[PDB]
>>> print(open('coords.pdb').read())   # PDB, C-alpha atoms
ATOM      1  CA  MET A   1     112.328  68.679  86.982
ATOM      2  CA  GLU A   2     115.350  69.996  88.894
ATOM      3  CA  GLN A   3     114.603  73.395  90.413
ATOM      4  CA  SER A   4     112.459  76.133  88.889
ATOM      5  CA  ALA A   5     114.810  76.602  85.885
ATOM      6  CA  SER A   6     112.549  79.219  84.281
ATOM      7  CA  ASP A   7     113.395  81.441  87.225
ATOM      8  CA  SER A   8     116.695  82.340  85.614
ATOM      9  CA  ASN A   9     116.051  81.819  81.899
ATOM     10  CA  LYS A  10     112.425  82.760  81.223
ATOM     11  CA  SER A  11     112.450  85.539  83.815
ATOM     12  CA  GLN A  12     114.967  87.645  81.879
ATOM     13  CA  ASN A  13     112.593  87.688  78.907
ATOM     14  CA  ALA A  14     109.418  88.282  80.915
ATOM     15  CA  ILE A  15     110.967  91.338  82.593
ATOM     16  CA  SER A  16     111.292  93.083  79.225
ATOM     17  CA  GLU A  17     107.594  92.626  78.413
ATOM     18  CA  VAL A  18     106.154  93.903  81.689
ATOM     19  CA  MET A  19     108.657  96.740  82.184
ATOM     20  CA  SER A  20     107.590  97.879  78.718
ATOM     21  CA  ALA A  21     103.922  97.590  79.665
ATOM     22  CA  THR A  22     104.215  99.794  82.747
ATOM     23  CA  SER A  23     106.282 102.228  80.678
ATOM     24  CA  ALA A  24     103.756 102.385  77.831
ATOM     25  CA  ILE A  25     100.677 102.822  80.024
ATOM     26  CA  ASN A  26     102.497 105.465  82.065
ATOM     27  CA  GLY A  27     103.563 107.393  78.983
ATOM     28  CA  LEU A  28      99.928 107.721  77.929
ATOM     29  CA  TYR A  29      98.700 108.933  81.327
ATOM     30  CA  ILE A  30     101.738 110.752  82.743
ATOM     31  CA  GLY A  31     101.555 109.426  86.289
ATOM     32  CA  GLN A  32      98.145 110.773  87.277
ATOM     33  CA  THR A  33      99.408 110.130  90.805
ATOM     34  CA  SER A  34      98.737 106.471  90.069
ATOM     35  CA  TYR A  35      96.225 106.377  87.181
ATOM     36  CA  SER A  36      93.772 107.913  89.629
ATOM     37  CA  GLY A  37      90.369 108.606  88.168
ATOM     38  CA  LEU A  38      90.018 105.181  86.579
ATOM     39  CA  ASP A  39      89.234 103.741  90.020
ATOM     40  CA  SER A  40      85.950 105.552  90.593
ATOM     41  CA  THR A  41      84.829 104.781  87.038
ATOM     42  CA  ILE A  42      85.834 101.120  86.783
ATOM     43  CA  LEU A  43      84.835 100.164  90.334
ATOM     44  CA  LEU A  44      81.139 100.898  89.808
ATOM     45  CA  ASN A  45      81.455  99.967  86.124
ATOM     46  CA  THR A  46      81.211  96.288  86.944
ATOM     47  CA  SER A  47      78.396  95.435  89.354
ATOM     48  CA  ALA A  48      79.806  98.140  91.703
ATOM     49  CA  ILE A  49      81.811  95.225  93.095
ATOM     50  CA  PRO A  50      84.202  94.105  90.332
ATOM     51  CA  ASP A  51      83.784  90.329  90.071
ATOM     52  CA  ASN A  52      86.427  90.488  87.337
ATOM     53  CA  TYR A  53      89.055  90.356  90.101
ATOM     54  CA  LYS A  54      88.498  86.615  89.775
ATOM     55  CA  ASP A  55      87.588  84.168  87.009
ATOM     56  CA  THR A  56      85.076  81.410  87.699
ATOM     57  CA  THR A  57      86.270  79.010  85.027
ATOM     58  CA  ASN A  58      90.096  78.904  85.396
ATOM     59  CA  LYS A  59      91.446  81.864  83.407
ATOM     60  CA  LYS A  60      92.073  85.348  84.805
ATOM     61  CA  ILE A  61      95.349  87.104  85.562
ATOM     62  CA  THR A  62      95.391  90.757  86.540
ATOM     63  CA  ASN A  63      98.475  92.181  84.822
ATOM     64  CA  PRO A  64      98.389  91.762  80.991
ATOM     65  CA  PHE A  65      96.352  93.284  78.154
ATOM     66  CA  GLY A  66      96.626  90.704  75.396
ATOM     67  CA  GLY A  67      93.031  89.582  75.532
ATOM     68  CA  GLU A  68      90.072  90.658  77.604
ATOM     69  CA  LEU A  69      91.488  93.541  79.623
ATOM     70  CA  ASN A  70      89.928  95.729  82.287
ATOM     71  CA  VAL A  71      91.942  98.805  83.276
ATOM     72  CA  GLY A  72      92.325  99.929  86.867
ATOM     73  CA  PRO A  73      94.651 101.973  89.113
ATOM     74  CA  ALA A  74      96.168 100.945  92.433
ATOM     75  CA  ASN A  75      96.588 102.712  95.786
ATOM     76  CA  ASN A  76      99.953 104.435  95.326
ATOM     77  CA  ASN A  77     102.272 104.279  92.296
ATOM     78  CA  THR A  78     105.434 103.512  94.280
ATOM     79  CA  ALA A  79     103.831 100.585  96.099
ATOM     80  CA  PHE A  80     101.616  99.456  93.214
ATOM     81  CA  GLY A  81     101.028 101.241  89.931
ATOM     82  CA  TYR A  82      98.301  99.805  87.745
ATOM     83  CA  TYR A  83      96.364  96.609  87.230
ATOM     84  CA  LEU A  84      94.718  95.243  84.108
ATOM     85  CA  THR A  85      92.293  92.412  84.646
ATOM     86  CA  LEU A  86      92.913  90.034  81.781
ATOM     87  CA  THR A  87      90.917  86.855  81.540
ATOM     88  CA  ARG A  88      93.395  84.214  80.386
ATOM     89  CA  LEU A  89      95.228  81.324  82.051
ATOM     90  CA  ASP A  90      96.313  77.703  81.856
ATOM     91  CA  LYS A  91      97.601  75.042  84.254
ATOM     92  CA  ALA A  92     101.033  75.458  82.649
ATOM     93  CA  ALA A  93     100.961  79.207  83.303
ATOM     94  CA  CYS A  94     100.268  78.468  86.967
ATOM     95  CA  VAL A  95     103.572  76.595  87.217
ATOM     96  CA  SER A  96     105.327  78.966  84.833
ATOM     97  CA  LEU A  97     104.948  81.989  87.111
ATOM     98  CA  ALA A  98     105.799  79.915  90.168
ATOM     99  CA  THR A  99     108.930  78.717  88.397
ATOM    100  CA  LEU A 100     109.663  82.309  87.451
ATOM    101  CA  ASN A 101     110.936  84.950  89.846
ATOM    102  CA  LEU A 102     108.082  87.225  90.744
ATOM    103  CA  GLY A 103     109.845  89.294  93.352
ATOM    104  CA  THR A 104     112.781  91.163  91.882
ATOM    105  CA  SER A 105     110.703  91.891  88.782
ATOM    106  CA  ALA A 106     107.235  91.968  90.348
ATOM    107  CA  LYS A 107     105.302  94.120  92.799
ATOM    108  CA  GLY A 108     103.526  91.138  94.319
ATOM    109  CA  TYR A 109     101.832  87.875  93.421
ATOM    110  CA  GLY A 110      98.491  86.749  94.861
ATOM    111  CA  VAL A 111      96.523  83.633  93.933
ATOM    112  CA  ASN A 112      92.769  83.525  94.687
ATOM    113  CA  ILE A 113      92.937  87.153  95.765
ATOM    114  CA  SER A 114      90.304  89.710  94.807
ATOM    115  CA  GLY A 115      90.848  93.438  95.248
ATOM    116  CA  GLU A 116      93.750  94.623  93.113
ATOM    117  CA  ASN A 117      93.147  98.181  94.353
ATOM    118  CA  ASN A 118      94.604  97.089  97.690
ATOM    119  CA  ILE A 119      96.204  93.651  97.486
ATOM    120  CA  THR A 120      96.539  91.531 100.652
ATOM    121  CA  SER A 121      99.785  91.091 102.637
ATOM    122  CA  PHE A 122     102.564  89.153 100.907
ATOM    123  CA  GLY A 123     104.188  86.026 102.284
ATOM    124  CA  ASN A 124     105.920  83.286 100.280
ATOM    125  CA  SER A 125     103.082  80.867  99.543
ATOM    126  CA  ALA A 126      99.959  80.867  97.351
ATOM    127  CA  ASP A 127      96.235  79.999  97.295
ATOM    128  CA  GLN A 128      94.007  82.337  99.314
ATOM    129  CA  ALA A 129      97.216  84.199 100.057
ATOM    130  CA  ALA A 130      99.656  86.527  98.343
ATOM    131  CA  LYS A 131     103.445  86.306  98.363
ATOM    132  CA  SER A 132     106.297  88.750  97.859
ATOM    133  CA  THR A 133     108.533  86.461  95.847
ATOM    134  CA  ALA A 134     107.577  83.581  93.607
ATOM    135  CA  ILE A 135     110.194  80.956  92.822
ATOM    136  CA  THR A 136     111.233  77.287  93.337
ATOM    137  CA  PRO A 137     109.045  74.140  93.017
ATOM    138  CA  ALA A 138     107.771  74.933  96.518
ATOM    139  CA  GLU A 139     105.798  77.899  95.179
ATOM    140  CA  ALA A 140     104.702  75.857  92.153
ATOM    141  CA  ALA A 141     103.314  73.203  94.489
ATOM    142  CA  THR A 142     101.449  75.818  96.505
ATOM    143  CA  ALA A 143     100.205  77.909  93.568
ATOM    144  CA  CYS A 144      98.823  74.966  91.639
ATOM    145  CA  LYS A 145      96.967  73.498  94.598
ATOM    146  CA  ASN A 146      93.206  72.857  94.388
ATOM    147  CA  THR A 147      93.205  75.702  91.878
ATOM    148  CA  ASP A 148      90.837  74.597  89.129
ATOM    149  CA  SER A 149      87.510  76.415  89.363
ATOM    150  CA  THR A 150      89.293  78.837  91.656
ATOM    151  CA  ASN A 151      92.227  79.279  89.291
ATOM    152  CA  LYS A 152      92.697  83.039  89.088
ATOM    153  CA  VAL A 153      95.490  85.335  90.129
ATOM    154  CA  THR A 154      95.761  89.094  90.388
ATOM    155  CA  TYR A 155      99.458  90.048  90.329
ATOM    156  CA  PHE A 156     101.343  93.315  90.087
ATOM    157  CA  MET A 157     104.589  92.935  88.192
ATOM    158  CA  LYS A 158     107.524  95.243  87.541
TER     159      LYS A 158
END
>>> encode(input="coords.pdb", output="structure tokens")
Amino acid sequence: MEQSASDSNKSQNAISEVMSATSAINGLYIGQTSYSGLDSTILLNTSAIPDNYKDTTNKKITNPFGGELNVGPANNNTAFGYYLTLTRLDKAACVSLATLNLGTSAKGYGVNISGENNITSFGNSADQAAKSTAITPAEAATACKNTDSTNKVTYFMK
């Protein structure tokens, strides 16, 4: 109730985690242009067409590495660095990220998108669309919308 709330409080804590993630993974690779090399391997690794870009149950976010992770590089480091396809989600997490601020401390957020290598264009809404900034109940209403069996989100985060 009353605004996103987590967009100011929870965000400050989330930033630390992800900014440490991109730092850690980078320190192990040393740029590699943009973790290049993993692409060719991982792409054909899973069915040649990585179905992991989406979960069929309700739990996959491409970003973290706390559970079932799949490593992959993006197009160009500056635009997008890396993506890790982690299966894991919850209805609360859907609202949590939409009540966060995924814009200043994110590279992009896309719900029901598949193809982390080259994410779709970013607007400001969710579901079969990606957005540049995530915030306010408006996003929350759009992110958690018909998303049950189709509840999966690839998202690059800084």
>>> resolve_selection(input="coords.pdb", expression="the PyMOL selection byres ((chain A and resi 30-37) around 6)", output="number ranges by chain")
A: 26-29, 38-40, 73, 76-77, 81
>>> residues_around(input="coords.pdb", residues="segment 2-14 of chain A", least_positions_apart="4", cutoff="12 Å", atoms="only C-alpha atoms", output="MDAnalysis selection string")
chainID A and resid 18:21 64 93 95:106 133:141 157:158
>>> resolve_selection(input="coords.pdb", expression="the PyMOL selection byres ((chain A and resi 43) around 12)", output="ChimeraX atom specification")
/A:36-42,44-53,70-74,115-117
>>> closest_residue(input="coords.pdb", among="A:120, A:22, A:56, A:150", to="residue 84 of chain A", atoms="all atoms listed in the file")
A:22
>>> resolve_selection(input="coords.pdb", expression="the PyMOL selection byres ((chain A and resi 90) around 10)", output="VMD selection string")
chain A and resid 58 to 60 88 to 89 91 to 96 148 151 to 152
>>> residues_around(input="coords.pdb", residues="residue 111 of chain A", least_positions_apart="3", cutoff="7 Å", atoms="all atoms listed in the file", output="number ranges by chain")
A: 126-130, 143, 152-154
>>> axis_aligned_box(input="coords.pdb", around="segment 52-67 of chain A", padding_each_side="4 Å", output="JSON")
{"center_x": 91.8, "center_y": 86.1, "center_z": 82.7, "size_x": 21.4, "size_y": 22.4, "size_z": 22.7}
>>> closest_residue(input="coords.pdb", among="A:156, A:16, A:149, A:125", to="residue 80 of chain A", atoms="only C-alpha atoms")
A:156
>>> atom_distance(input="coords.pdb", atom1="atom CA of residue 66 of chain A", atom2="atom CA of residue 85 of chain A")
10.4 Å
>>> closest_residue(input="coords.pdb", among="A:147, A:63, A:112, A:57", to="residue 25 of chain A", atoms="all atoms listed in the file")
A:63
>>> atom_distance(input="coords.pdb", atom1="atom CA of residue 65 of chain A", atom2="atom CA of residue 86 of chain A")
6.0 Å
>>> closest_residue(input="coords.pdb", among="A:123, A:82, A:114, A:108", to="residue 24 of chain A", atoms="all atoms listed in the file")
A:82
>>> atom_distance(input="coords.pdb", atom1="atom CA of residue 131 of chain A", atom2="atom CA of residue 144 of chain A")
14.0 Å
